[PDB]
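Everything below concerns the one structure shown next.
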Amino acid sequence: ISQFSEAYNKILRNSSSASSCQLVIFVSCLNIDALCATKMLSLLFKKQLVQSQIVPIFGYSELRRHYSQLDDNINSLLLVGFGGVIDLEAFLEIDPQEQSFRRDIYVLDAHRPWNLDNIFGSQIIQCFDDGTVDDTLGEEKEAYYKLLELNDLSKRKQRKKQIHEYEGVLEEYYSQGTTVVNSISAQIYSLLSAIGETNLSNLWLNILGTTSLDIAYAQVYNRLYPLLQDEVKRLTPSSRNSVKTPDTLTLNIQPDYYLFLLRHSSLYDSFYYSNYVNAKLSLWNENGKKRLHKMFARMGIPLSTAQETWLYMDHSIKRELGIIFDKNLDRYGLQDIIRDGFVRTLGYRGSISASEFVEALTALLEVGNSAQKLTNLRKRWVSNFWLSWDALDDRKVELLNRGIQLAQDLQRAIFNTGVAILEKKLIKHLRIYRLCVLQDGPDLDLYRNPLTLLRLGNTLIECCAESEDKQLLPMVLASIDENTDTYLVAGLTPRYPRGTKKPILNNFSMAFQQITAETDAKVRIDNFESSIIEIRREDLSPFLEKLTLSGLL
Amino acid sequence: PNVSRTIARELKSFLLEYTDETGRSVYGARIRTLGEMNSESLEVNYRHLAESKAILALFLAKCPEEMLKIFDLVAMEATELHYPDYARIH
């Protein structure tokens with residue numbers, strides 16, 4: 001509810017001291033956006049050389065272990081991606097200490113709607129709600145100034161009728177789907193441009209941030225291109241090349257493709273594993289696989305030349321890469337492939353597509369790495385976080401490729417198993433919504449991570465619906481290996497075929513909390529996201545039955 | 001001979017719009033097959049060629065040598081109209 005620059009000067013005044021400082025910025029959690037945000041944030045701190053702690057939090061339940069344990073001198077705290085949904089004032093408590101409260105916890109979140117207790121009643125925040133939903137948002141505005149603090153019998157009856165009158169519309173709010181408005185990174189950059197830093201790798205961090213989520217919607221991002229492209233116009237390494245030159249040597253616009261790993265993998269394998277194209281061409285089917293080859297017969301690209309790594313393909317095919325696709329792809333309905341994208345060239349190393357980089361980092365997060373076992377695993381993910389954090393750095397590229405050799409493999413897993421599902425037609429159309437469960441599969445170790453099931457769930461909800469009449473219906477998935485029937489189950493959102501009228505607001509967040517409040521059968525919201533929960537095989541089936549009814553949508 | 005060129009004008013007609021088993025041109029589907037497989041062997045049944053005309057079948061039992069060279073260039077023409085490419089393939 002504040003100016004970004006002024007919130008900045010506040011976090012400046014409470015910061016620098018002897019001993020320095022102290023602030024812990026919480027990077028959270030598994031979302032690439034977090035990295036994108038906190039890296040340019042951390043670089044900004046290093047600019048004024050302000051000491052910082054930075055914590056890799058996984059579990060939402062895990063945050064309590066930290067904040068309740070170690071705090072001493074820390075008068076100014078910062079947090080990322082948490083608290084937009086569940087309020088930490090009740091969750092942490094707080095317990096006001098010393099107006100002009102000593103500690104300011106900044107909470108940065110893209111999630112909506114905000115918790116009601118957060119924005120109004122200033123204690124721990126210093127909210128980041130600005131500027132996306134301001135709004136009004138008159139529904140939260142009347143939620144308090146009316147409620148607080150609230151012949152005489154008719155005035156009591158009138159008063160109470162008014163109270164429930166506000167409580168109904170208030171109940172409409174805060175019970176709703178969790179949907180990201182704008183990427184937190186973008187706003188950190190809006191905060192950053194007011195201070196005056198135009199830095200190139202910074203901007204690349206923004207591009208990374210925005211393009212973190214294009215796998216899932218945009219939704220506003222379709223109109224974020226002005227806010228990026230203009231900035232790309234606010235700077236330039238040289239008016240003209242001047243090949244290369246070995247330095248600056250920076251990012252530029254190119255006809256990029258939702259196509260998967262075009263530059264770091266072989267072309268044919270790049271269609272065959274791509275996510276958008278899995279769908280339209282029915283590639284899980286042997287009968288459709290051929291249709292790809294017909295694409296190549298249309299392009300005049302040899303099959304043998306399609307099998308070869310993209311660095312080494314002939315030059316003629318490169319110069320025709322932006323034409324041939326226009327000549328052909330239009331006929332297959334694949335006409336939405338070509339985006340205007342961002343590509344940063346490091347020169348003699350190669351170039352990297354904005355999206356593919358994100359595929360590298362995601363790749364890093366799950367691989368390349370009774371409560372003791374889950375804690376130890378979540379711990380392994382915590383360590384792995386930094387292995388992924390390092391790849392963002394420019395000076396070490398040598399491990400970034402270790403991401404990509406993984407990012408390929410994962411797909412080779414994901415695709416494979418994905419097909420293993422469609423052969424058995426495991427989709428349960430049900431009535432109100434679509435649902436699935438993986439009872440058996442190869443290498444569930446890869447599927448342990450929330451984000452792995454976010455991407456498999458994504459290629460699957462993308463595959464089932466082209467569309468593909470009728471009625472985009474949200475999907476459900478489940479997997480188990482070890483940790484005694486943890487059976488991780490993540491919520492999902494429907495995918496429109498590039499024509500998106502409504503955000504549609506994932507409802508699993510609410511539907512799960514209704515069940516935690518009913519019989520709560522081995523239901524665990526331990527994962528940071530409201531869409532993803534844990535379950536046991538003993539209680540999963542009654543849970544599934546209680547999921548089927550009553551349907552909130 | 002140049003007269004033989006006119007023969008091509010006939011055999012191309014045999015190459016695409018010829019049908020059998022209630023529609024669904026077979027040789028069109030072979031060209032489509034390679035085609036995708038791009039195995040560069042187009043395959044023509046002698047039964048059908050002899051079914052349309054015995055005059056060409058007689059040319060196969062007299063002088064296959066130069067006639068295959070006349071024929072396969074036209075096959076390349078048919079693949080050319082069906083897939084406006086393979087100037088780069090074979």
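Scheme for the structure tokens: letters A, B, ... for chains in order shown; per-chain residue numbers from 1; ligand numbers from 1 in order shown.
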Enumerate as a list in words the residues belonging to chain A that approach chain B to within 10 Å, with only C-alpha atoms taken into account. residues 290, 291, 292, 293, 294, 295, 296, 297, 298, 299, 300, 301, 302 and 303 of chain A
Please identify all polymer residues within 12 Å of residue 28 (chain B), counting only C-alpha atoms, omitting same-chain residues fewer than 2 positions from it, and present them as an NGL selection string. :B and (12-20 or 23-26 or 30-35 or 42-44 or 75 or 78-79 or 81-83)
DSSP alpha helix (DSSP H) residues within chain B, listed as a VMD selection string: chain B and resid 3 to 15 26 to 36 46 to 52 54 to 60 64 to 82
Between CA of residue 62 (chain A) and CA of residue 122 (chain A), distance in Å (one decimal):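 Going from CA of residue 62 (chain A) over to CA of residue 122 (chain A) covers 24.6 Å.
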Can you tell me which residues surround region 344-351 of chain A at a distance of at most 7 Å, considering only C-alpha atoms, apart from same-chain residues fewer than 2 positions away, and format the answer as a PyMOL selection string? chain A and resi 244+246+249-252+342+353
I need the residues of region 46-148 of chain A that end up classed as strand (DSSP E) by DSSP on the backbone, written out as a ChimeraX atom specification. /A:53-56,76-80,104-108
With a distance cut-off of 12 Å and only C-alpha atoms, select the neighbouring residues of residue 269 (chain A), excluding the residue or stretch itself and same-chain residues fewer than 4 positions from it, and output the selection as a PyMOL selection string. chain A and resi 259-265+273-275+277-278+283+289+292-293+303-310+408-409+411-412+415
CA of residue 132 (chain A) and CA of residue 112 (chain A), how far apart in Å? 9.9 Å
From the set B:77, B:59, B:71, B:66, which residue has the shortest atom-to-atom contact distance to residue 1 (chain B), counting only C-alpha atoms? B:66
